[PDB]
$ cat data-v1.txt   # compact mmCIF, N, CA and C atoms
# COMPACT_ATOMS: atom_id res chain seq x y z
N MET A 1 -14.96 4.98 21.62
CA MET A 1 -15.98 4.19 22.30
C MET A 1 -15.46 3.37 23.50
N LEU A 2 -15.21 2.08 23.26
CA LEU A 2 -14.69 1.20 24.31
C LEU A 2 -13.29 0.68 23.97
N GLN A 3 -12.46 0.56 25.01
CA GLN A 3 -10.99 0.61 24.94
C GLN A 3 -10.24 -0.08 23.79
N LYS A 4 -10.94 -0.90 23.04
CA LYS A 4 -10.39 -1.54 21.84
C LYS A 4 -10.67 -0.69 20.62
N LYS A 5 -11.92 -0.25 20.50
CA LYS A 5 -12.31 0.63 19.43
C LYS A 5 -11.36 1.81 19.43
N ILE A 6 -10.98 2.22 20.62
CA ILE A 6 -9.96 3.24 20.75
C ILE A 6 -8.76 2.90 19.90
N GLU A 7 -8.09 1.80 20.22
CA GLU A 7 -6.90 1.44 19.47
C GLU A 7 -7.33 1.30 18.04
N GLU A 8 -8.50 0.70 17.87
CA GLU A 8 -9.05 0.49 16.54
C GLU A 8 -8.96 1.77 15.72
N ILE A 9 -9.19 2.91 16.36
CA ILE A 9 -9.21 4.17 15.65
C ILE A 9 -7.81 4.67 15.38
N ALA A 10 -6.96 4.57 16.40
CA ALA A 10 -5.65 5.19 16.37
C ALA A 10 -4.69 4.44 15.46
N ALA A 11 -4.94 3.14 15.32
CA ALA A 11 -4.25 2.32 14.35
C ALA A 11 -4.39 2.94 12.96
N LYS A 12 -5.64 3.18 12.57
CA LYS A 12 -6.02 3.85 11.33
C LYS A 12 -4.97 4.89 10.91
N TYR A 13 -4.38 5.57 11.88
CA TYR A 13 -3.42 6.63 11.58
C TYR A 13 -1.94 6.23 11.52
N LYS A 14 -1.59 5.04 12.01
CA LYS A 14 -0.19 4.63 12.05
C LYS A 14 0.32 4.03 10.72
N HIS A 15 1.43 4.58 10.20
CA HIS A 15 2.03 4.08 8.96
C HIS A 15 1.05 4.22 7.76
N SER A 16 0.24 5.26 7.79
CA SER A 16 -0.85 5.41 6.84
C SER A 16 -0.43 5.23 5.40
N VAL A 17 0.82 5.58 5.14
CA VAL A 17 1.35 5.61 3.78
C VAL A 17 1.56 4.21 3.31
N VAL A 18 2.55 3.58 3.94
CA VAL A 18 2.82 2.16 3.80
C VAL A 18 1.52 1.44 3.61
N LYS A 19 0.65 1.61 4.59
CA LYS A 19 -0.65 0.98 4.53
C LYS A 19 -1.23 1.19 3.14
N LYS A 20 -1.49 2.43 2.76
CA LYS A 20 -2.12 2.68 1.48
C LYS A 20 -1.24 2.35 0.29
N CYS A 21 -0.09 3.00 0.22
CA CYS A 21 0.80 2.78 -0.90
C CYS A 21 1.04 1.32 -1.16
N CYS A 22 0.86 0.50 -0.14
CA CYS A 22 1.05 -0.90 -0.35
C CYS A 22 -0.14 -1.42 -1.11
N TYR A 23 -1.34 -1.14 -0.61
CA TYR A 23 -2.58 -1.68 -1.19
C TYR A 23 -2.67 -1.45 -2.69
N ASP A 24 -2.55 -0.20 -3.11
CA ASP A 24 -2.56 0.09 -4.53
C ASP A 24 -1.49 -0.73 -5.22
N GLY A 25 -0.32 -0.75 -4.61
CA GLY A 25 0.81 -1.50 -5.11
C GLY A 25 0.51 -2.96 -5.39
N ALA A 26 -0.30 -3.57 -4.53
CA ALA A 26 -0.70 -4.96 -4.72
C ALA A 26 -1.80 -5.09 -5.80
N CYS A 27 -2.85 -4.28 -5.67
CA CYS A 27 -3.99 -4.35 -6.58
C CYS A 27 -3.63 -4.58 -8.05
N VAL A 28 -4.22 -5.62 -8.62
CA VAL A 28 -3.86 -6.11 -9.94
C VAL A 28 -3.70 -5.01 -10.96
N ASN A 29 -2.82 -5.27 -11.91
CA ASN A 29 -2.76 -4.51 -13.14
C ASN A 29 -1.87 -5.26 -14.10
N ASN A 30 -2.46 -5.83 -15.13
CA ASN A 30 -1.63 -6.62 -16.01
C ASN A 30 -1.30 -5.87 -17.30
N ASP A 31 -1.85 -4.66 -17.40
CA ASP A 31 -1.57 -3.76 -18.52
C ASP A 31 -0.25 -3.03 -18.30
N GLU A 32 0.21 -2.97 -17.05
CA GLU A 32 1.45 -2.25 -16.74
C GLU A 32 2.37 -2.94 -15.74
N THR A 33 3.67 -2.82 -15.97
CA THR A 33 4.63 -3.36 -15.03
C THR A 33 4.63 -2.44 -13.85
N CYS A 34 5.05 -2.97 -12.72
CA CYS A 34 5.13 -2.17 -11.53
C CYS A 34 5.94 -0.94 -11.85
N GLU A 35 7.14 -1.13 -12.38
CA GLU A 35 8.04 -0.02 -12.67
C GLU A 35 7.31 1.17 -13.28
N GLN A 36 6.55 0.91 -14.34
CA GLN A 36 5.83 1.97 -15.04
C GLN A 36 4.89 2.67 -14.09
N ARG A 37 4.06 1.88 -13.42
CA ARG A 37 3.07 2.39 -12.47
C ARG A 37 3.72 3.21 -11.33
N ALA A 38 4.81 2.70 -10.78
CA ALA A 38 5.47 3.42 -9.69
C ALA A 38 6.12 4.72 -10.14
N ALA A 39 6.42 4.81 -11.43
CA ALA A 39 6.93 6.06 -11.99
C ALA A 39 5.90 7.20 -11.87
N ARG A 40 4.62 6.85 -11.92
CA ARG A 40 3.54 7.83 -11.91
C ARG A 40 3.22 8.40 -10.51
N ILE A 41 3.75 7.75 -9.48
CA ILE A 41 3.54 8.15 -8.09
C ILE A 41 4.14 9.52 -7.78
N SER A 42 3.46 10.27 -6.92
CA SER A 42 3.89 11.63 -6.56
C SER A 42 4.14 11.86 -5.06
N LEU A 43 4.27 10.78 -4.29
CA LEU A 43 4.32 10.90 -2.84
C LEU A 43 5.66 10.49 -2.27
N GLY A 44 6.64 10.31 -3.15
CA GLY A 44 7.99 10.11 -2.66
C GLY A 44 8.21 8.79 -1.96
N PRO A 45 9.47 8.38 -1.91
CA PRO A 45 10.07 7.07 -1.64
C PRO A 45 9.20 6.17 -0.79
N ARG A 46 9.12 6.47 0.51
CA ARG A 46 8.32 5.66 1.43
C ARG A 46 7.16 5.04 0.67
N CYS A 47 6.26 5.89 0.20
CA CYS A 47 5.17 5.41 -0.63
C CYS A 47 5.70 4.62 -1.81
N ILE A 48 6.65 5.21 -2.51
CA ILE A 48 7.21 4.59 -3.71
C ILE A 48 7.66 3.15 -3.45
N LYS A 49 8.64 3.00 -2.57
CA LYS A 49 9.10 1.69 -2.12
C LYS A 49 7.94 0.80 -1.74
N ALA A 50 7.28 1.19 -0.65
CA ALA A 50 6.06 0.56 -0.21
C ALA A 50 5.30 -0.01 -1.37
N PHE A 51 4.80 0.90 -2.20
CA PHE A 51 4.01 0.53 -3.36
C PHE A 51 4.68 -0.61 -4.13
N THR A 52 5.92 -0.36 -4.52
CA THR A 52 6.66 -1.30 -5.33
C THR A 52 6.72 -2.69 -4.73
N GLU A 53 7.41 -2.80 -3.60
CA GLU A 53 7.60 -4.06 -2.91
C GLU A 53 6.36 -4.89 -3.00
N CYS A 54 5.28 -4.36 -2.45
CA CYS A 54 4.03 -5.07 -2.46
C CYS A 54 3.60 -5.51 -3.85
N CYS A 55 3.69 -4.61 -4.83
CA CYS A 55 3.33 -5.00 -6.18
C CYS A 55 4.11 -6.24 -6.61
N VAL A 56 5.42 -6.09 -6.71
CA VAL A 56 6.26 -7.18 -7.15
C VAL A 56 5.97 -8.46 -6.40
N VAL A 57 5.95 -8.39 -5.07
CA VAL A 57 5.64 -9.57 -4.28
C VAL A 57 4.33 -10.21 -4.74
N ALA A 58 3.24 -9.48 -4.58
CA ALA A 58 1.94 -9.95 -5.02
C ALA A 58 1.99 -10.65 -6.37
N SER A 59 2.48 -9.94 -7.38
CA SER A 59 2.53 -10.49 -8.72
C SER A 59 3.10 -11.88 -8.69
N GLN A 60 4.28 -11.99 -8.09
CA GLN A 60 5.00 -13.25 -7.98
C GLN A 60 4.20 -14.33 -7.30
N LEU A 61 3.40 -13.93 -6.33
CA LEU A 61 2.48 -14.85 -5.72
C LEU A 61 1.35 -15.18 -6.68
N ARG A 62 1.01 -14.25 -7.55
CA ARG A 62 0.12 -14.60 -8.63
C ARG A 62 0.69 -15.74 -9.49
N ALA A 63 2.01 -15.89 -9.48
CA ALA A 63 2.61 -17.09 -10.07
C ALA A 63 2.38 -18.35 -9.19
$ encode --input "data-v1.txt" --output "structure tokens"
Amino acid sequence: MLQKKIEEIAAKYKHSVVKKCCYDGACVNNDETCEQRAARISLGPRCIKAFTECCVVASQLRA
């Protein structure tokens, strides 16, 4: 559309993994430790790490 929406769109595609793998990683789960949950991941390290970091961090902020 107009020159910001442009970037607005193309951003959507940058670091897509980190972006996502992080979100799930943060999203609450008190039935499982991060470790357990990250074991179930199938998208390899980047996602894995991503996911983890965010989880652990978030949780701790939940403290």
$ atom_distance --input "data-v1.txt" --atom1 "atom CA of residue A:63" --atom2 "atom C of residue A:45"
25.9 Å
$ atom_distance --input "data-v1.txt" --atom1 "atom C of residue A:27" --atom2 "atom CA of residue A:50"
13.5 Å
$ axis_aligned_box --input "data-v1.txt" --around "stretch 17-35 of chain A" --padding-each-side "5 Å" --output "lines of an AutoDock Vina configuration file"
center_x = 1.9
center_y = -0.5
center_z = -6.7
size_x = 22.3
size_y = 22.2
size_z = 33.7
$ closest_residue --input "data-v1.txt" --among "A:25, A:14, A:2, A:8" --to "residue A:53" --atoms "only N, CA and C atoms"
A:25
$ closest_residue --input "data-v1.txt" --among "A:1, A:38, A:9, A:48" --to "residue A:21" --atoms "all atoms listed in the file"
A:48
$ atom_distance --input "data-v1.txt" --atom1 "atom C of residue A:47" --atom2 "atom C of residue A:16"
9.5 Å
$ closest_residue --input "data-v1.txt" --among "A:31, A:40, A:51, A:5" --to "residue A:19" --atoms "only N, CA and C atoms"
A:51
$ select_by_dssp --input "data-v1.txt" --residues "chain A" --states "alpha helix (DSSP H)" --output "PyMOL selection string"
chain A and resi 3-11+16-26+34-39+44-62
$ decode --input "data-v1.txt" --residues "stretch 19-48 of chain A" --atoms "N, CA and C atoms" --output "CSV table (one decimal), in the first residue's frame"
chain,number,residue,atom,x,y,z
A,19,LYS,N,10.9,-15.0,15.9
A,19,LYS,CA,9.6,-14.4,16.2
A,19,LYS,C,8.7,-15.4,16.8
A,20,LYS,N,8.3,-16.4,16.0
A,20,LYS,CA,7.3,-17.4,16.5
A,20,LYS,C,7.8,-18.3,17.6
A,21,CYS,N,8.9,-19.0,17.4
A,21,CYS,CA,9.5,-19.9,18.4
A,21,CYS,C,9.6,-19.2,19.7
A,22,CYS,N,9.7,-17.9,19.7
A,22,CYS,CA,9.8,-17.2,20.9
A,22,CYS,C,8.5,-17.1,21.6
A,23,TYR,N,7.5,-16.7,20.8
A,23,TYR,CA,6.1,-16.5,21.4
A,23,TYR,C,5.6,-17.8,22.1
A,24,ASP,N,5.6,-18.9,21.4
A,24,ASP,CA,5.2,-20.1,22.0
A,24,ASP,C,6.0,-20.3,23.3
A,25,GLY,N,7.3,-20.1,23.1
A,25,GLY,CA,8.2,-20.3,24.2
A,25,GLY,C,7.9,-19.5,25.5
A,26,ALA,N,7.3,-18.3,25.3
A,26,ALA,CA,6.9,-17.4,26.4
A,26,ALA,C,5.5,-17.9,26.9
A,27,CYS,N,4.5,-18.1,26.0
A,27,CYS,CA,3.2,-18.5,26.4
A,27,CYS,C,3.1,-19.5,27.6
A,28,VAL,N,2.4,-19.1,28.6
A,28,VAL,CA,2.3,-19.9,29.9
A,28,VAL,C,2.2,-21.4,29.7
A,29,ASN,N,2.8,-22.1,30.6
A,29,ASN,CA,2.5,-23.5,30.8
A,29,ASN,C,3.1,-23.9,32.1
A,30,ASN,N,2.2,-24.2,33.1
A,30,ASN,CA,2.7,-24.5,34.4
A,30,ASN,C,2.7,-26.0,34.6
A,31,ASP,N,2.2,-26.8,33.7
A,31,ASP,CA,2.1,-28.2,33.7
A,31,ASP,C,3.5,-28.8,33.2
A,32,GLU,N,4.2,-28.0,32.5
A,32,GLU,CA,5.5,-28.5,32.0
A,32,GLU,C,6.7,-27.5,32.1
A,33,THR,N,7.9,-28.1,32.4
A,33,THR,CA,9.1,-27.2,32.4
A,33,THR,C,9.4,-26.9,31.0
A,34,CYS,N,10.1,-25.9,30.8
A,34,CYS,CA,10.5,-25.5,29.5
A,34,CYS,C,11.2,-26.7,28.9
A,35,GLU,N,12.2,-27.2,29.6
A,35,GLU,CA,13.0,-28.3,29.1
A,35,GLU,C,12.2,-29.4,28.4
A,36,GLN,N,11.1,-29.9,29.1
A,36,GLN,CA,10.3,-30.9,28.6
A,36,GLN,C,9.6,-30.4,27.3
A,37,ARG,N,9.0,-29.3,27.3
A,37,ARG,CA,8.3,-28.7,26.2
A,37,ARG,C,9.3,-28.5,25.0
A,38,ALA,N,10.5,-28.0,25.2
A,38,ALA,CA,11.4,-27.8,24.1
A,38,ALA,C,11.9,-29.1,23.5
A,39,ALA,N,11.9,-30.2,24.3
A,39,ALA,CA,12.2,-31.5,23.8
A,39,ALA,C,11.3,-31.9,22.6
A,40,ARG,N,10.0,-31.4,22.7
A,40,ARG,CA,9.0,-31.8,21.7
A,40,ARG,C,9.1,-31.1,20.4
A,41,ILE,N,9.9,-30.0,20.3
A,41,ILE,CA,10.1,-29.2,19.1
A,41,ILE,C,10.8,-30.0,18.0
A,42,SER,N,10.4,-29.7,16.8
A,42,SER,CA,10.9,-30.4,15.6
A,42,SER,C,11.6,-29.4,14.6
A,43,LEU,N,11.9,-28.2,14.9
A,43,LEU,CA,12.4,-27.2,14.0
A,43,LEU,C,13.8,-26.8,14.2
A,44,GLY,N,14.5,-27.6,15.0
A,44,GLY,CA,15.9,-27.4,15.2
A,44,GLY,C,16.3,-26.1,15.8
A,45,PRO,N,17.5,-26.0,16.3
A,45,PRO,CA,18.2,-25.1,17.3
A,45,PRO,C,17.6,-23.7,17.3
A,46,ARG,N,17.9,-22.9,16.3
A,46,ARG,CA,17.4,-21.6,16.2
A,46,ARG,C,16.0,-21.5,16.9
A,47,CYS,N,15.0,-22.2,16.3
A,47,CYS,CA,13.8,-22.3,17.0
A,47,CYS,C,13.9,-22.8,18.4
A,48,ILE,N,14.6,-23.9,18.6
A,48,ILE,CA,14.8,-24.5,19.9
A,48,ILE,C,15.3,-23.5,20.9
